[PDB]
Structures are given as C-alpha cells and as structure tokens.
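# Working through the structure, step by step
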Amino acid sequence: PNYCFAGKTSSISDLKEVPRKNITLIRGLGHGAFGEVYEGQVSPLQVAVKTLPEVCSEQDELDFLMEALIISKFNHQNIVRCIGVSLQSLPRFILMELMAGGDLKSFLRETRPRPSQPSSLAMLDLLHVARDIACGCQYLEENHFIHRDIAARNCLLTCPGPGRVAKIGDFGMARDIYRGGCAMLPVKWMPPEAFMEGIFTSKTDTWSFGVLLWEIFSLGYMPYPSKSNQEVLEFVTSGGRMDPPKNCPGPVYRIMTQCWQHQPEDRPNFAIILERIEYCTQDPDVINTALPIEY
Ligand SMILES: Cc1nc([C@](C)(O)CO)sc1-c1cnc(N)c(O[C@H](C)c2cc(F)ccc2N2NC=CN2)c1
C-alpha cells in the first residue's frame, strides 16, 4: 500500500521504525474510541503514542499504516511531527510530537477567564491560535491536501502558557477517504456542497476553518448551540449562519461570515484568511476587547 503526497510516493518502508526496546509508555491520555493514546518516551524524547489494538480487522491495520504515512510526509511547523513508528512489534505504535498543552477544545474550556483567573486568556492569544492553524491549512491547500475535518478537537497546543503554538494534530477523516456513516460525519463543520454533493475542495476546509474560528472565540462551545446535525444541515442550506460569539469583535466575525459564503468560489483561500487575521492582530479595537468572564 503506497501513499502519494506532493511530488513523491512513499511506502511503509519509508517510515522510520523505532526499536521497541527504546519506547516506554508513561500514562494514558484519554485514549479515543479506536486505539489508545499514551504519553511516552523514546530513549530522552517525549512522545505521544498511538496504538493499534491487536484485535482489529485487516482494514484497521491498513488505515493505521495510512495514517502513519500521511503524517510522516508533512513538513510544517503547524502540523504535528511524526517521530517514527513501531510496526514490527505488537501492538503497533505511531509516535508523535507530544503537545503538552493538550487539545484546543479542552484548553479553551479549561482556560476560560474566571474571577479567580480573569487574565487567563486575551483576544490576542485567540488570534494567534487562529493564525497558527490557518498557517497549517495554507500549507495543506498549497500542497493540494484536503483535511476534511478542521475543528478544535483536532488541534493541539505545544504548551498551556504564553509561548503556545497550535498545530493540526489529527488526520483521521482524510485517511478514511484516501482508503463510516451519516451519524459520524462532522456535519456542523461542513459546507453545503460537501454534505449534499460529497464534493470536497480546499474551499471545504475554508468553511470548516470559519467554524473553528467560532469555536475559538466562543471559547470552546459546541457549534450551533441547541441544534442537532439535521437541524444544522437544514439551517445552513437555507442560508442560516451562527451569530457572533459573545464579545466577538466585528472584524473577526466578518472572517467567519466570509468563510461561510454559500458558494465555494466566494470563500477566501487561506492566504487571504491569514492576511485578514493579521490585520485583526494589528487593530487595537480588536485586541483591546475583553473576553467574557464566566461566573
Ligand atoms: C497531552 C494531551 N492531553 C490531551 C487531552 C487529554 O485531550 C487534554 O487536552 S490530548 C494530548 C496530546 C498531546 N500530543 C499529541 N500528539 C496527542 O495526539 C493524539 C493522537 C491526539 C491528537 C489530536 F489532534 C486530537 C486528539 C488526540 N487525542 N487526545 C487523546 C487521545 N487522542 C495528544
């Protein structure tokens, strides 16, 4: 099973196999549905370890290999690094850059300003996270890779504090498509032509990014509050769009509404999105806006 990305093809033989003896598991990280994930170390190098359960289908095996190949071929500061794999021992491992800040949705929810920590986050921290991820999306778009599942839950942070860098950290949806059901589709992150016609383009990710933006500036709320998948599908196809997150500056909301343009051709590409986010970081009225302090 081969993988093509950019102007090169790669094989399982291209994966950097790490000697199993050199790998130590330290703690579980909230192992997702399929496959457990651990914090671990390579004889010291800090890693996240994605495991393939030994009880799996041949198809599971292939998806796992594909995931390894996809992540290993990326080379960008806002895409989580692959340190290597261990496929020659069971259970099989994929080794990733450990992102000590955890996932973005948890970070936002746990770092919301409160009367005890009213200074935890500012508008500028949110814009930098947005910029980081948009930079990762731009690298994907210019390499003609469509992510298909841009969302806070799939983004990671290097550290909780001020120097944090956000990176795209999961590629499970793109993987499944390279190789399912309605109730598993990330409907709330998808533009009309995607869930209607099954058409995906770099403009598919633009729409999702807009939704990611709302997640970020809402500080980790679920998109379309109180609506189910189908209700959202009908809301959005009828021209319905989310309101601004609480206290959200107008210039930021305008980026969202441009990302959610009904026609893909009317939506910005990530180069434009980046420029608009940068202009936002420069506007004192944007970055001097206070975030809501939840009680
Ligand atoms: C240290 C650390 N803490 C995390 C918490 C528990 O979710 C809190 O933010 S994720 C995390 C953490 C740190 N670095 C990683 N390289 C990582 O990768 C896993 C495969 C991952 C990548 C994603 F893009 C999204 C979710 C997950 N998870 N998270 C749990 C299972 N898969 C997780």
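For this entry, the PDB record names X-ray crystallography as the structure determination method and reports a resolution of 2.23 Å.

### Digging into the UniProt feature "binding site: ATP" in the protein
UniProt marks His 31, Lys 50, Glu 97, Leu 98, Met 99 and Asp 170 with the feature "binding site: ATP", using the numbering shown here. Here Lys 50 lies in strand β5 (residues 45-51). With near-sequence residues (within four places) excluded, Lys 50 lies in contact with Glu 36, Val 37, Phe 64, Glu 67, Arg 92, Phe 93, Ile 94 and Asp 170. Of the polar contacts made by the side chain of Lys 50, one reaches the side chain of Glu 67; its length is 2.7 Å. Mapped onto the elements of the fold, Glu 97 is located in strand β7 (residues 93-97). When residues no more than four places from it in sequence are discounted, the contact partners of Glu 97 are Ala 48, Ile 79, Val 80, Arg 81, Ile 83 and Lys 167.

### Observations regarding the site of the ligand
Contacts to the ligand come from 17 residues, most closely from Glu 97, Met 99, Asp 103, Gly 169 and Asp 170. Between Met 99 and the ligand, the recorded distance is 2.9 Å, taken from a backbone N or O atom to a nitrogen atom. Side-chain polar atom of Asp 103 to an oxygen atom of the ligand: 2.8 Å apart, as the coordinates give it. Coverage of the ligand by the protein amounts to 80% of the 650 Å² it exposes when considered alone. Among the elements of the structure, β7 and β8 (102-103) are those that each provide at least two residues to the shell around the ligand. Of the residues in the shell around the ligand, the class split is 7 nonpolar, 6 polar and 4 charged. Mapping the shell around the ligand onto the domain boundaries places at least three of its residues in each of domain 1 (1-98) and domain 2 (99-283).

### Describing the domain arrangement of the protein
Structurally, the protein comprises domain 1 (1-98) and domain 2 (99-283). Computed over C-alpha atoms only, the centres of domain 1 and domain 2 are separated by 25 Å. Contacts between the two partners involve 25 residues from domain 1, matched on the other side by 21 residues from domain 2. Approximately 2,000 Å² of surface area, both sides summed, lies buried where domain 1 meets domain 2, with 60% of it carried by carbon and sulfur atoms. Summed over the three residues of domain 1 that lose the most area to domain 2, namely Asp 63, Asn 78 and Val 80, the buried surface amounts to 26% of that side. With a closest N to O distance of 3.9 Å, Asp 170 and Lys 50 form a salt bridge. Viewed at the interface, domain 2 and domain 1 are joined by 11 residue pairs in polar contact. Sorting the residues of the side of domain 1 that touches domain 2 by element identifies β1 (2-5), α1 (58-73) and β7 as the ones contributing at least two each. Of all the elements, α1 adds the most residues to the side of domain 1 that touches domain 2, at 9 residues.

Scoring rules and cut-offs
Residues numbered from 1 in each chain as written, not as in the entry; some residues may be left out. Heavy atoms only, no water. UniProt positions renumbered as here; feature names shortened; annotations may be inferred. Helix = DSSP H or I, 4+ residues; strand = E, 2+ residues; numbered from the N terminus. Contact = heavy atoms within 4.5 Å. Polar contact = N/O pair within 3.5 Å; in protein donor to acceptor, adjacent residues only side chain to side chain. Near = heavy atom within 4 Å. Areas by Shrake-Rupley, 256 points an atom, 1.4 Å probe, with all protein chains shown as cover. Nonpolar A, V, L, I, M, F, W, Y, C, P; charged D, E, K, R; others polar. Domains from an automatic or database assignment. Buried area = accessible area lost by both parts, 1.4 Å probe. Salt bridge = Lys/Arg side-chain N within 4 Å of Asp/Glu carboxyl O.

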